[PDB]
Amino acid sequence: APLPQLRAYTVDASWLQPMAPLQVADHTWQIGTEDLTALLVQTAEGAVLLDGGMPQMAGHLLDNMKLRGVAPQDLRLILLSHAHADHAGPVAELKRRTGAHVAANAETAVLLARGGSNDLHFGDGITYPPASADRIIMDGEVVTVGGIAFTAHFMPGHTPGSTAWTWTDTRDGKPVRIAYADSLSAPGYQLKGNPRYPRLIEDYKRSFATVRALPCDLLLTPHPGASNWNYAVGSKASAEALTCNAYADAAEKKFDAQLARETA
């Protein structure tokens, strides 16, 4: 009876459905797939990328970028929410192919350096090509590219290095505060008494408060269904979107329900 064959990290078919670039604000675009968010901000001095999706989306991301007049050498910075396979996937390949720089915090960098291996909750179940972080950022550090300022908000929970990003764009003159909050989910995570993550509960609760008090007029999540976005219906994709309070308050209800269900 041989040892078992390796299993591939398979996701839903909706996560790999390539969509055309959908505009979010004057300078913010969505270039990922139908249920995976990949954001591209076009500044005068280059382009910023936030997340990327699955590792096999590197070629799709480059197309959407090329459609927006952005050549590979124009992508200056790659910002991340958290470094899992379905979010920080093609980061290694995009660095090799575009000459961009990764800006992430320490806990995200160390995870990104080992390709998601030895995950606190998944182990080596999901694994993506490893990338290196080029700039270590702290909580509240402002990253400016082409005059657009990205401020980091640490929300340690899903991963130790989860980070929500805040920037201010425009909408034909009207400034629009954008918040890109990370997933507040705990899928299969052992919440109470976790040896790998001992302060997981307090970290989650403190993250719930963080997202509530965010400067935000329009919120986006790595998974659109978390913010009730619907990338498929084009323009009215942001209609039934949630607030910051509504998002963190809904996540907290599912977290308390998870912790109570775990006592039994």
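Numbering starts at 1 and runs along the sequence shown. The term rigid core refers to the maximal set of C-alpha atoms that superpose within 1.5 Å between the two forms.
Visitor: Once the rigid core is lined up, would you tell me whether 170-178 or 103-111 has the higher RMS CA deviation in 8 other deposited structures of this protein?
Guide: Stretch with the higher C-alpha RMS distance in 8 other deposited structures of this protein: 170-178.
Visitor: Mean C-alpha B factor from the entry: is it higher for 61-69 or for 22-30?
Guide: According to the entry, 61-69 carries the higher average C-alpha B-factor.
Visitor: Please compare 209-217 with 34-42 and name the stretch with the higher mean C-alpha B-factor in the deposited structure.
Guide: That would be 209-217.
Visitor: Choose from 144, 185, 132, 194 the residue with the greatest Cα B-factor as stated in the PDB record.
Guide: In this record, 194 carries the highest C-alpha B-factor of the candidates.
Visitor: Per the entry's values, where does residue 107 land by CA temperature factor relative to the rest of its chain, in the lowest, middle or highest third?
Guide: Bottom third by C-alpha B-factor.
Visitor: Using the B-factors in the PDB entry, rank residue 137's C-alpha atom against the chain and give the third, lowest, middle or highest.
Guide: Tercile = highest for this residue's CA B-factor.
Visitor: Residue 233's Cα B-factor: lowest, middle or highest third of the chain?
Guide: Top third by C-alpha B-factor.
Visitor: Considering only modelled residues of the same chain, in which third does the CA B-factor of residue 91 rank: lowest, middle or highest?
Guide: Tercile = lowest for this residue's CA B-factor.
Visitor: When the deposited Cα B-factors of this chain's modelled residues are ordered and cut into thirds, is residue 175 in the lowest, the middle or the highest one?
Guide: As the PDB entry reports it, the C-alpha B-factor of residue 175 lands in the highest third of its chain.
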